[PDB]
Amino acid sequence: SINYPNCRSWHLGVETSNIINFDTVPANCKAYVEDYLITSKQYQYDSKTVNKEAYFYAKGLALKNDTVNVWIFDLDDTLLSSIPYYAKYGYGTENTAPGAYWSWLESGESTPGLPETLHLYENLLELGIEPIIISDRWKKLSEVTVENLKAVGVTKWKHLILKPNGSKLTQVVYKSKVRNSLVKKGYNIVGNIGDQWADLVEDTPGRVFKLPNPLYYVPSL
Amino acid sequence: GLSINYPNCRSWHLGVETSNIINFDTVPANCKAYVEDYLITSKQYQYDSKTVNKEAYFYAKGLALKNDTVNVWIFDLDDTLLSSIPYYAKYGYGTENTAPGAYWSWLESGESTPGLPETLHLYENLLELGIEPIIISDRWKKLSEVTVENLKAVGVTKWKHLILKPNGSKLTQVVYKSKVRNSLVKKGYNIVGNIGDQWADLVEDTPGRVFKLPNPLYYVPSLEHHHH
Ligand SMILES: [Mg+2]
Ligand SMILES: [Mg+2]
């Protein structure tokens with residue numbers, strides 16, 4: 001229905017949540033997305049600036065020794081990249097069947113790490129902030145997820161939380177349930193990083209950081 | 001005072017638009033060329049603004065609005081309907097410190113702020129849908145006459161209310177705007193949309209979908225709306 005004559009303008013719209021609920025990347029934006037994500041290195045530069053901002057904030061906090069100080073991480077497209085998968089399917093311009101990405105993950109296919117986020121993850125551990133990784137992947141994918149994290153140098157976390165098999169919950173509601181259970185256990189959430197605004201609903205404490213993602217959209221509240 | 005290093009200006013700008021970067025004091029000195037290029041040379045500002053106003057309009061078109069309900073859309077003024085660019089172009093495009101009051105003094109003298117045509121198109125289209133615009137501005141009341149003149153000059157005339165800030169008020173912009181919006185709710189108005197160039201304009205403590213216009217020039221402190 002809406003034409004997006006300028007692909008950079010569309011992309012800013014999606015990053016700011018001015019444009020929501022897109023099922024696919026606009027066809028005319030395929031080359032922009034590929035060039036953004038790979039050739040131009042703008043995705044890398046954008047990612048580095050976000051992670052650096054998170055770190056400068058994190059290293060200014062006065063952490064108390066008597067509480068569990070935590071930082072929430074998303075997994076897909078925050079720590080691990082789905083780019084090799086999307087690259088085969090037209091960088092988000094094509095429809096993909098639900099469950100297909102998961103099947104791909106089950107096939108022995110590893111995902112590359114996102115090194116700017118991995119640097120942040122390592123920095124937070126050094127500051128004594130405890131990462132909690134919350135993922136919408138089904139619990140059946142636990143072993144393959146742990147293997148992939150190990151392959152990118154992530155082996156320590158306070159919790160790695162996956163979604164109950166065949167859960168009926170939307171991603172936004174499931175992640176809100178998890179964060180609220182964390183608060184309830186007395187954890188002090190100081191920050192939250194993810195590539196979807198759905199990951200970053202401000203219903204629990206901590207500063208939020210939105211990693212770029214032009215490939216796809218997860219509905220929010 | 002404390003500098004912060006941003007070797008990629010575009011990454012910096014995306015950070016400020018998303019609110020990953022907040023409360024910057026001035027534009028990074030190395031990003032002067034970028035901002036001038038973004039706002040004027042490249043026309044990217046225009047294309048970005050067009051996209052935002054277009055989504056807003058297609059959203060508004062899709063609402064089922066009752067005739068008997070006062071259905072309103074909130075507009076910001078500066079860098080939403082009227083542009084501060086001619087002022088900032090004098091001061092390194094946000095890279096230099098400007099005394100507080102300096103901008104208001106510049107407006108008071110009757111300096112022109114050009115219209116932002118993409119927002120003006122949205123404003124006109126909303127009137128056609130029977131949605132009544134309300135303009136909420138942090139400009140002091142004493143700027144009411146120059147404000148009305150600059151609005152008339154760019155083709156804006158029918159608003160339900162034009163609300164300026166009490167002279168000398170000690171409220172922050174975010175708090176003042178929230179108090180105004182909340183009073184509109186109490187009046188029984190139905191806010192269906194809200195558009196502005198600062199997150200401070202767009203706190204979701206009152207109803208309506210929010211749309212954030214681009215602005216690399218400055219940052220207005222904001223507050224997060226606690227969800228349940
Ligand atoms: Mg993700
Ligand atoms: Mg403004």
# chains A, B, ... in the order shown; residues from 1 in each chain; ligands from 1

call {"tool": "select_by_dssp", "arguments": {"residues": "range 11-216 of chain A", "states": "alpha helix (DSSP H)", "output": "number ranges by chain"}}
result
A: 11-15, 30-34, 42-58, 83-88, 100-106, 115-127, 142-151, 171-184

call {"tool": "write_last_selection", "arguments": {"atoms": "C-alpha atoms", "output": "PDB file, in the first residue's frame"}}
result
ATOM      1  CA  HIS A  11      14.913   2.201   7.645  1.00  0.00           C
ATOM      2  CA  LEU A  12      14.920   5.187  10.009  1.00  0.00           C
ATOM      3  CA  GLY A  13      11.115   4.795  10.266  1.00  0.00           C
ATOM      4  CA  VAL A  14      11.470   1.189  11.400  1.00  0.00           C
ATOM      5  CA  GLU A  15      14.360   1.919  13.852  1.00  0.00           C
ATOM      6  CA  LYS A  30      16.681  -5.216  -1.029  1.00  0.00           C
ATOM      7  CA  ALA A  31      19.931  -3.710  -2.310  1.00  0.00           C
ATOM      8  CA  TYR A  32      19.899  -1.044   0.423  1.00  0.00           C
ATOM      9  CA  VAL A  33      19.569  -3.735   3.114  1.00  0.00           C
ATOM     10  CA  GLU A  34      22.377  -5.853   1.667  1.00  0.00           C
ATOM     11  CA  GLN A  42      27.155   0.923   8.303  1.00  0.00           C
ATOM     12  CA  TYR A  43      25.477  -1.886  10.308  1.00  0.00           C
ATOM     13  CA  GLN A  44      28.802  -2.475  12.091  1.00  0.00           C
ATOM     14  CA  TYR A  45      29.312   1.257  12.727  1.00  0.00           C
ATOM     15  CA  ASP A  46      25.695   1.664  13.992  1.00  0.00           C
ATOM     16  CA  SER A  47      26.115  -1.433  16.210  1.00  0.00           C
ATOM     17  CA  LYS A  48      29.414  -0.257  17.658  1.00  0.00           C
ATOM     18  CA  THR A  49      27.962   3.160  18.630  1.00  0.00           C
ATOM     19  CA  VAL A  50      25.022   1.502  20.391  1.00  0.00           C
ATOM     20  CA  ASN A  51      27.198  -0.953  22.349  1.00  0.00           C
ATOM     21  CA  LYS A  52      29.667   1.842  23.277  1.00  0.00           C
ATOM     22  CA  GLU A  53      26.843   3.993  24.604  1.00  0.00           C
ATOM     23  CA  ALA A  54      25.585   1.051  26.691  1.00  0.00           C
ATOM     24  CA  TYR A  55      29.107   0.513  28.058  1.00  0.00           C
ATOM     25  CA  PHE A  56      29.701   4.155  29.041  1.00  0.00           C
ATOM     26  CA  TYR A  57      26.416   4.112  30.861  1.00  0.00           C
ATOM     27  CA  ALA A  58      27.195   0.738  32.522  1.00  0.00           C
ATOM     28  CA  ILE A  83      22.030 -12.695   8.367  1.00  0.00           C
ATOM     29  CA  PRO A  84      23.319 -15.882   6.629  1.00  0.00           C
ATOM     30  CA  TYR A  85      19.735 -17.240   6.760  1.00  0.00           C
ATOM     31  CA  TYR A  86      18.043 -14.043   5.546  1.00  0.00           C
ATOM     32  CA  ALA A  87      20.717 -13.610   2.886  1.00  0.00           C
ATOM     33  CA  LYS A  88      19.408 -16.787   1.205  1.00  0.00           C
ATOM     34  CA  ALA A 100      11.783 -22.492   9.120  1.00  0.00           C
ATOM     35  CA  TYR A 101      14.491 -20.449  10.825  1.00  0.00           C
ATOM     36  CA  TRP A 102      14.282 -22.825  13.810  1.00  0.00           C
ATOM     37  CA  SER A 103      14.567 -25.848  11.530  1.00  0.00           C
ATOM     38  CA  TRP A 104      17.605 -24.226   9.963  1.00  0.00           C
ATOM     39  CA  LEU A 105      19.087 -23.877  13.461  1.00  0.00           C
ATOM     40  CA  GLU A 106      18.363 -27.582  14.090  1.00  0.00           C
ATOM     41  CA  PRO A 115      31.161  -8.839  17.838  1.00  0.00           C
ATOM     42  CA  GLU A 116      30.065  -5.363  19.042  1.00  0.00           C
ATOM     43  CA  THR A 117      27.513  -6.916  21.344  1.00  0.00           C
ATOM     44  CA  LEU A 118      29.943  -9.679  22.345  1.00  0.00           C
ATOM     45  CA  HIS A 119      32.466  -6.934  23.365  1.00  0.00           C
ATOM     46  CA  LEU A 120      29.697  -5.339  25.495  1.00  0.00           C
ATOM     47  CA  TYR A 121      28.847  -8.735  27.042  1.00  0.00           C
ATOM     48  CA  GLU A 122      32.539  -9.252  28.020  1.00  0.00           C
ATOM     49  CA  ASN A 123      32.810  -5.681  29.379  1.00  0.00           C
ATOM     50  CA  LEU A 124      29.738  -6.078  31.580  1.00  0.00           C
ATOM     51  CA  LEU A 125      31.156  -9.272  33.117  1.00  0.00           C
ATOM     52  CA  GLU A 126      34.354  -7.327  33.908  1.00  0.00           C
ATOM     53  CA  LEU A 127      32.242  -4.613  35.630  1.00  0.00           C
ATOM     54  CA  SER A 142      18.720 -25.183  24.339  1.00  0.00           C
ATOM     55  CA  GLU A 143      21.602 -27.515  23.391  1.00  0.00           C
ATOM     56  CA  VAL A 144      22.047 -26.013  19.909  1.00  0.00           C
ATOM     57  CA  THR A 145      21.861 -22.463  21.355  1.00  0.00           C
ATOM     58  CA  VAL A 146      24.497 -23.202  23.994  1.00  0.00           C
ATOM     59  CA  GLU A 147      26.756 -24.705  21.369  1.00  0.00           C
ATOM     60  CA  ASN A 148      26.466 -21.596  19.186  1.00  0.00           C
ATOM     61  CA  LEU A 149      27.153 -19.277  22.142  1.00  0.00           C
ATOM     62  CA  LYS A 150      30.267 -21.326  23.006  1.00  0.00           C
ATOM     63  CA  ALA A 151      31.455 -21.034  19.412  1.00  0.00           C
ATOM     64  CA  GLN A 171       7.193 -12.683  22.006  1.00  0.00           C
ATOM     65  CA  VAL A 172       6.439  -9.344  23.708  1.00  0.00           C
ATOM     66  CA  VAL A 173       4.216 -10.966  26.387  1.00  0.00           C
ATOM     67  CA  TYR A 174       6.584 -13.909  27.031  1.00  0.00           C
ATOM     68  CA  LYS A 175       9.556 -11.577  27.517  1.00  0.00           C
ATOM     69  CA  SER A 176       7.582  -9.274  29.796  1.00  0.00           C
ATOM     70  CA  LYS A 177       6.567 -12.308  31.918  1.00  0.00           C
ATOM     71  CA  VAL A 178      10.225 -13.328  32.254  1.00  0.00           C
ATOM     72  CA  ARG A 179      11.511  -9.819  33.148  1.00  0.00           C
ATOM     73  CA  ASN A 180       8.753  -9.431  35.780  1.00  0.00           C
ATOM     74  CA  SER A 181       9.707 -12.790  37.323  1.00  0.00           C
ATOM     75  CA  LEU A 182      13.295 -11.522  37.502  1.00  0.00           C
ATOM     76  CA  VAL A 183      12.275  -8.362  39.375  1.00  0.00           C
ATOM     77  CA  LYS A 184      10.139 -10.522  41.695  1.00  0.00           C
TER      78      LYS A 184
END

call {"tool": "interface_residues", "arguments": {"of": "chain B", "to": "chain A", "cutoff": "7 Å", "atoms": "only C-alpha atoms", "output": "list in words"}}
result
residues 8, 11, 12, 15, 17, 18, 20, 21, 47, 48, 51, 52, 55, 211, 212, 226, 227 and 228 of chain B

call {"tool": "write_last_selection", "arguments": {"atoms": "C-alpha atoms", "output": "CSV table (one decimal), in the first residue's frame"}}
result
chain,number,residue,atom,x,y,z
B,8,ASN,CA,30.7,7.9,12.4
B,11,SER,CA,25.7,6.2,13.6
B,12,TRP,CA,25.6,9.1,16.1
B,15,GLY,CA,21.6,6.9,18.1
B,17,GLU,CA,16.8,9.4,16.8
B,18,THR,CA,16.4,6.1,18.6
B,20,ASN,CA,20.1,5.2,22.4
B,21,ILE,CA,22.0,8.4,22.8
B,47,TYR,CA,12.8,12.3,2.5
B,48,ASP,CA,12.9,11.2,6.2
B,51,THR,CA,8.1,9.1,5.3
B,52,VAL,CA,7.1,10.0,8.9
B,55,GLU,CA,2.7,7.0,8.0
B,211,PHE,CA,5.4,9.8,15.5
B,212,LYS,CA,8.9,11.1,15.9
B,226,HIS,CA,6.2,3.1,32.9
B,227,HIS,CA,4.2,0.2,31.4
B,228,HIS,CA,2.3,-2.5,33.3

call {"tool": "residues_around", "arguments": {"residues": "range 140-155 of chain B", "least_positions_apart": "3", "cutoff": "6 Å", "atoms": "only C-alpha atoms", "output": "PyMOL selection string"}}
result
chain B and resi 115+164-167

call {"tool": "residues_near_ligand", "arguments": {"ligand": "ligand 2", "cutoff": "12 Å", "atoms": "only C-alpha atoms and all ligand atoms", "output": "ChimeraX atom specification"}}
result
/B:74-85,116,135-139,173-174,177,195-202,212-221

call {"tool": "residues_near_ligand", "arguments": {"ligand": "ligand 1", "cutoff": "8 Å", "atoms": "only C-alpha atoms and all ligand atoms", "output": "count of residues only"}}
result
10

call {"tool": "select_by_dssp", "arguments": {"residues": "range 1-182 of chain A", "states": "strand (DSSP E or B)", "output": "list in words"}}
result
residues 69, 70, 71, 72, 73, 76, 80, 113, 130, 131, 132, 133, 134, 135, 136, 137, 138, 159, 160, 161, 162 and 163 of chain A

call {"tool": "write_last_selection", "arguments": {"atoms": "C-alpha atoms", "output": "compact mmCIF listing (two decimals), in the first residue's frame"}}
result
# COMPACT_ATOMS: atom_id res chain seq x y z
CA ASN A 69 23.02 -6.54 39.30
CA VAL A 70 21.90 -7.76 35.87
CA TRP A 71 21.79 -6.77 32.22
CA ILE A 72 19.22 -8.28 29.89
CA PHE A 73 20.32 -9.55 26.46
CA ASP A 76 18.81 -13.57 17.82
CA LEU A 80 23.90 -14.14 17.21
CA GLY A 113 28.48 -13.78 16.60
CA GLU A 130 25.53 -10.38 35.41
CA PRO A 131 24.07 -10.99 31.90
CA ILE A 132 20.70 -12.71 31.61
CA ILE A 133 19.96 -13.85 28.07
CA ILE A 134 16.23 -14.01 27.30
CA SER A 135 15.34 -15.79 24.05
CA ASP A 136 12.05 -16.55 22.22
CA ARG A 137 13.67 -19.79 20.93
CA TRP A 138 11.85 -22.89 22.21
CA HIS A 159 20.56 -17.25 33.31
CA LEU A 160 19.78 -18.33 29.77
CA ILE A 161 15.97 -18.36 29.49
CA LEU A 162 14.15 -19.97 26.54
CA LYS A 163 10.45 -20.20 25.80

call {"tool": "closest_residue", "arguments": {"among": "A:185, A:25, A:170, A:206", "to": "residue 219 in chain A", "atoms": "only C-alpha atoms"}}
result
A:170

call {"tool": "closest_residue", "arguments": {"among": "A:153, A:60, A:186, A:108", "to": "residue 141 in chain A", "atoms": "only C-alpha atoms"}}
result
A:108

call {"tool": "residues_around", "arguments": {"residues": "residue 66 in chain B", "least_positions_apart": "4", "cutoff": "10 Å", "atoms": "only C-alpha atoms", "output": "list in words"}}
result
residues 70, 71, 130 and 190 of chain B

call {"tool": "closest_residue", "arguments": {"among": "B:39, B:24, B:178, B:19", "to": "residue 4 in chain B", "atoms": "only C-alpha atoms"}}
result
B:24

call {"tool": "closest_residue", "arguments": {"among": "A:155, A:39, A:218, A:29", "to": "residue 94 in chain A", "atoms": "only C-alpha atoms"}}
result
A:29

call {"tool": "closest_residue", "arguments": {"among": "B:156, B:16, B:134, B:89", "to": "residue 180 in chain B", "atoms": "only C-alpha atoms"}}
result
B:134

call {"tool": "decode", "arguments": {"residues": "range 58-106 of chain B", "atoms": "N, CA and C atoms", "output": "PDB file, in the first residue's frame"}}
result
ATOM      1  N   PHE B  58      -1.595   7.887   6.851  1.00  0.00           N
ATOM      2  CA  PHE B  58      -2.246   6.613   6.538  1.00  0.00           C
ATOM      3  C   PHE B  58      -2.821   5.951   7.779  1.00  0.00           C
ATOM      4  N   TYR B  59      -2.135   6.078   8.909  1.00  0.00           N
ATOM      5  CA  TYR B  59      -2.726   5.715  10.207  1.00  0.00           C
ATOM      6  C   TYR B  59      -4.025   6.485  10.507  1.00  0.00           C
ATOM      7  N   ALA B  60      -3.991   7.816  10.392  1.00  0.00           N
ATOM      8  CA  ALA B  60      -5.173   8.648  10.702  1.00  0.00           C
ATOM      9  C   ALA B  60      -6.366   8.283   9.800  1.00  0.00           C
ATOM     10  N   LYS B  61      -6.103   8.116   8.502  1.00  0.00           N
ATOM     11  CA  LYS B  61      -7.122   7.691   7.516  1.00  0.00           C
ATOM     12  C   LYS B  61      -7.854   6.430   7.957  1.00  0.00           C
ATOM     13  N   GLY B  62      -7.147   5.528   8.631  1.00  0.00           N
ATOM     14  CA  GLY B  62      -7.730   4.253   9.029  1.00  0.00           C
ATOM     15  C   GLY B  62      -8.531   4.227  10.316  1.00  0.00           C
ATOM     16  N   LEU B  63      -8.675   5.359  11.010  1.00  0.00           N
ATOM     17  CA  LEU B  63      -9.366   5.369  12.300  1.00  0.00           C
ATOM     18  C   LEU B  63     -10.865   5.556  12.113  1.00  0.00           C
ATOM     19  N   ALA B  64     -11.648   4.879  12.934  1.00  0.00           N
ATOM     20  CA  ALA B  64     -13.086   5.079  12.970  1.00  0.00           C
ATOM     21  C   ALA B  64     -13.316   6.124  14.056  1.00  0.00           C
ATOM     22  N   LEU B  65     -13.557   7.361  13.638  1.00  0.00           N
ATOM     23  CA  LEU B  65     -13.707   8.474  14.580  1.00  0.00           C
ATOM     24  C   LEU B  65     -15.177   8.883  14.704  1.00  0.00           C
ATOM     25  N   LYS B  66     -15.678   9.038  15.930  1.00  0.00           N
ATOM     26  CA  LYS B  66     -17.079   9.425  16.152  1.00  0.00           C
ATOM     27  C   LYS B  66     -17.275  10.938  15.973  1.00  0.00           C
ATOM     28  N   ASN B  67     -18.384  11.311  15.324  1.00  0.00           N
ATOM     29  CA  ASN B  67     -18.749  12.718  15.101  1.00  0.00           C
ATOM     30  C   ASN B  67     -18.952  13.518  16.377  1.00  0.00           C
ATOM     31  N   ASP B  68     -19.487  12.864  17.403  1.00  0.00           N
ATOM     32  CA  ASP B  68     -19.859  13.514  18.655  1.00  0.00           C
ATOM     33  C   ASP B  68     -18.705  13.634  19.662  1.00  0.00           C
ATOM     34  N   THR B  69     -17.555  13.076  19.297  1.00  0.00           N
ATOM     35  CA  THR B  69     -16.363  13.074  20.137  1.00  0.00           C
ATOM     36  C   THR B  69     -15.425  14.105  19.566  1.00  0.00           C
ATOM     37  N   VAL B  70     -14.756  14.856  20.435  1.00  0.00           N
ATOM     38  CA  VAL B  70     -13.764  15.803  19.943  1.00  0.00           C
ATOM     39  C   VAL B  70     -12.451  15.042  19.727  1.00  0.00           C
ATOM     40  N   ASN B  71     -12.130  14.746  18.467  1.00  0.00           N
ATOM     41  CA  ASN B  71     -10.966  13.933  18.117  1.00  0.00           C
ATOM     42  C   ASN B  71      -9.801  14.844  17.730  1.00  0.00           C
ATOM     43  N   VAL B  72      -8.707  14.766  18.481  1.00  0.00           N
ATOM     44  CA  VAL B  72      -7.621  15.747  18.302  1.00  0.00           C
ATOM     45  C   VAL B  72      -6.289  15.109  17.906  1.00  0.00           C
ATOM     46  N   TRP B  73      -5.414  15.899  17.283  1.00  0.00           N
ATOM     47  CA  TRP B  73      -4.062  15.438  17.004  1.00  0.00           C
ATOM     48  C   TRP B  73      -3.112  16.450  17.579  1.00  0.00           C
ATOM     49  N   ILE B  74      -2.116  15.995  18.353  1.00  0.00           N
ATOM     50  CA  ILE B  74      -1.179  16.922  18.980  1.00  0.00           C
ATOM     51  C   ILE B  74       0.002  17.185  18.059  1.00  0.00           C
ATOM     52  N   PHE B  75       0.266  18.475  17.835  1.00  0.00           N
ATOM     53  CA  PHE B  75       1.443  18.908  17.103  1.00  0.00           C
ATOM     54  C   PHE B  75       2.371  19.646  18.052  1.00  0.00           C
ATOM     55  N   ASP B  76       3.669  19.395  17.896  1.00  0.00           N
ATOM     56  CA  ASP B  76       4.687  20.261  18.443  1.00  0.00           C
ATOM     57  C   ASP B  76       4.813  21.458  17.473  1.00  0.00           C
ATOM     58  N   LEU B  77       5.564  22.487  17.856  1.00  0.00           N
ATOM     59  CA  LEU B  77       5.743  23.641  17.006  1.00  0.00           C
ATOM     60  C   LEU B  77       7.159  23.693  16.433  1.00  0.00           C
ATOM     61  N   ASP B  78       8.157  24.014  17.258  1.00  0.00           N
ATOM     62  CA  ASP B  78       9.527  24.168  16.751  1.00  0.00           C
ATOM     63  C   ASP B  78      10.161  22.853  16.264  1.00  0.00           C
ATOM     64  N   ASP B  79      10.621  22.883  15.011  1.00  0.00           N
ATOM     65  CA  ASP B  79      11.168  21.747  14.303  1.00  0.00           C
ATOM     66  C   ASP B  79      10.163  20.603  14.044  1.00  0.00           C
ATOM     67  N   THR B  80       8.869  20.934  14.209  1.00  0.00           N
ATOM     68  CA  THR B  80       7.773  20.123  13.745  1.00  0.00           C
ATOM     69  C   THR B  80       6.964  20.856  12.668  1.00  0.00           C
ATOM     70  N   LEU B  81       6.429  22.044  12.987  1.00  0.00           N
ATOM     71  CA  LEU B  81       5.689  22.863  11.981  1.00  0.00           C
ATOM     72  C   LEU B  81       6.569  23.963  11.408  1.00  0.00           C
ATOM     73  N   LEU B  82       7.406  24.545  12.282  1.00  0.00           N
ATOM     74  CA  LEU B  82       8.322  25.655  11.934  1.00  0.00           C
ATOM     75  C   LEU B  82       9.753  25.304  12.273  1.00  0.00           C
ATOM     76  N   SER B  83      10.654  25.632  11.356  1.00  0.00           N
ATOM     77  CA  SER B  83      12.031  25.190  11.407  1.00  0.00           C
ATOM     78  C   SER B  83      12.971  26.166  12.097  1.00  0.00           C
ATOM     79  N   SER B  84      13.798  25.631  12.999  1.00  0.00           N
ATOM     80  CA  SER B  84      14.827  26.421  13.660  1.00  0.00           C
ATOM     81  C   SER B  84      16.141  26.433  12.873  1.00  0.00           C
ATOM     82  N   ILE B  85      16.162  25.797  11.707  1.00  0.00           N
ATOM     83  CA  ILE B  85      17.401  25.696  10.914  1.00  0.00           C
ATOM     84  C   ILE B  85      18.144  27.035  10.630  1.00  0.00           C
ATOM     85  N   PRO B  86      17.430  28.093  10.182  1.00  0.00           N
ATOM     86  CA  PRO B  86      18.134  29.361   9.943  1.00  0.00           C
ATOM     87  C   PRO B  86      18.882  29.868  11.190  1.00  0.00           C
ATOM     88  N   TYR B  87      18.330  29.637  12.378  1.00  0.00           N
ATOM     89  CA  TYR B  87      19.021  30.003  13.617  1.00  0.00           C
ATOM     90  C   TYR B  87      20.262  29.140  13.851  1.00  0.00           C
ATOM     91  N   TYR B  88      20.098  27.819  13.861  1.00  0.00           N
ATOM     92  CA  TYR B  88      21.239  26.944  14.103  1.00  0.00           C
ATOM     93  C   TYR B  88      22.331  27.011  13.066  1.00  0.00           C
ATOM     94  N   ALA B  89      21.973  27.348  11.826  1.00  0.00           N
ATOM     95  CA  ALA B  89      22.955  27.506  10.750  1.00  0.00           C
ATOM     96  C   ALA B  89      23.957  28.616  11.094  1.00  0.00           C
ATOM     97  N   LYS B  90      23.555  29.526  11.977  1.00  0.00           N
ATOM     98  CA  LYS B  90      24.435  30.608  12.424  1.00  0.00           C
ATOM     99  C   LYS B  90      25.404  30.131  13.497  1.00  0.00           C
ATOM    100  N   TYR B  91      25.081  29.004  14.128  1.00  0.00           N
ATOM    101  CA  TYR B  91      25.863  28.516  15.259  1.00  0.00           C
ATOM    102  C   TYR B  91      26.393  27.108  15.046  1.00  0.00           C
ATOM    103  N   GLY B  92      26.923  26.863  13.852  1.00  0.00           N
ATOM    104  CA  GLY B  92      27.603  25.612  13.553  1.00  0.00           C
ATOM    105  C   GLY B  92      26.712  24.378  13.546  1.00  0.00           C
ATOM    106  N   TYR B  93      25.419  24.587  13.302  1.00  0.00           N
ATOM    107  CA  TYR B  93      24.459  23.510  13.109  1.00  0.00           C
ATOM    108  C   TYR B  93      24.371  22.627  14.359  1.00  0.00           C
ATOM    109  N   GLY B  94      24.298  23.277  15.513  1.00  0.00           N
ATOM    110  CA  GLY B  94      24.189  22.590  16.798  1.00  0.00           C
ATOM    111  C   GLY B  94      25.508  22.212  17.451  1.00  0.00           C
ATOM    112  N   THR B  95      26.629  22.434  16.760  1.00  0.00           N
ATOM    113  CA  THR B  95      27.950  22.092  17.298  1.00  0.00           C
ATOM    114  C   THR B  95      28.512  23.135  18.288  1.00  0.00           C
ATOM    115  N   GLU B  96      27.867  24.297  18.377  1.00  0.00           N
ATOM    116  CA  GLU B  96      28.288  25.355  19.304  1.00  0.00           C
ATOM    117  C   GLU B  96      27.275  25.595  20.416  1.00  0.00           C
ATOM    118  N   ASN B  97      27.762  26.026  21.574  1.00  0.00           N
ATOM    119  CA  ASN B  97      26.904  26.413  22.686  1.00  0.00           C
ATOM    120  C   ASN B  97      26.118  27.673  22.378  1.00  0.00           C
ATOM    121  N   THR B  98      24.827  27.632  22.672  1.00  0.00           N
ATOM    122  CA  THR B  98      23.970  28.802  22.561  1.00  0.00           C
ATOM    123  C   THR B  98      23.359  29.094  23.923  1.00  0.00           C
ATOM    124  N   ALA B  99      23.463  30.347  24.368  1.00  0.00           N
ATOM    125  CA  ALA B  99      22.878  30.778  25.643  1.00  0.00           C
ATOM    126  C   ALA B  99      21.395  30.421  25.687  1.00  0.00           C
ATOM    127  N   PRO B 100      20.888  29.967  26.857  1.00  0.00           N
ATOM    128  CA  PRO B 100      19.439  29.786  26.912  1.00  0.00           C
ATOM    129  C   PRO B 100      18.775  31.159  26.836  1.00  0.00           C
ATOM    130  N   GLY B 101      17.609  31.211  26.209  1.00  0.00           N
ATOM    131  CA  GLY B 101      16.967  32.485  25.934  1.00  0.00           C
ATOM    132  C   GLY B 101      17.371  33.078  24.596  1.00  0.00           C
ATOM    133  N   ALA B 102      18.520  32.668  24.057  1.00  0.00           N
ATOM    134  CA  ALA B 102      19.008  33.227  22.787  1.00  0.00           C
ATOM    135  C   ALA B 102      18.065  32.925  21.619  1.00  0.00           C
ATOM    136  N   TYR B 103      17.574  31.685  21.563  1.00  0.00           N
ATOM    137  CA  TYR B 103      16.610  31.303  20.535  1.00  0.00           C
ATOM    138  C   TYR B 103      15.302  32.089  20.693  1.00  0.00           C
ATOM    139  N   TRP B 104      14.750  32.120  21.907  1.00  0.00           N
ATOM    140  CA  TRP B 104      13.524  32.877  22.179  1.00  0.00           C
ATOM    141  C   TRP B 104      13.653  34.345  21.857  1.00  0.00           C
ATOM    142  N   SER B 105      14.831  34.904  22.122  1.00  0.00           N
ATOM    143  CA  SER B 105      15.126  36.304  21.768  1.00  0.00           C
ATOM    144  C   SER B 105      15.156  36.481  20.262  1.00  0.00           C
ATOM    145  N   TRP B 106      15.759  35.510  19.579  1.00  0.00           N
ATOM    146  CA  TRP B 106      15.805  35.518  18.122  1.00  0.00           C
ATOM    147  C   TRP B 106      14.394  35.491  17.543  1.00  0.00           C
TER     148      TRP B 106
END
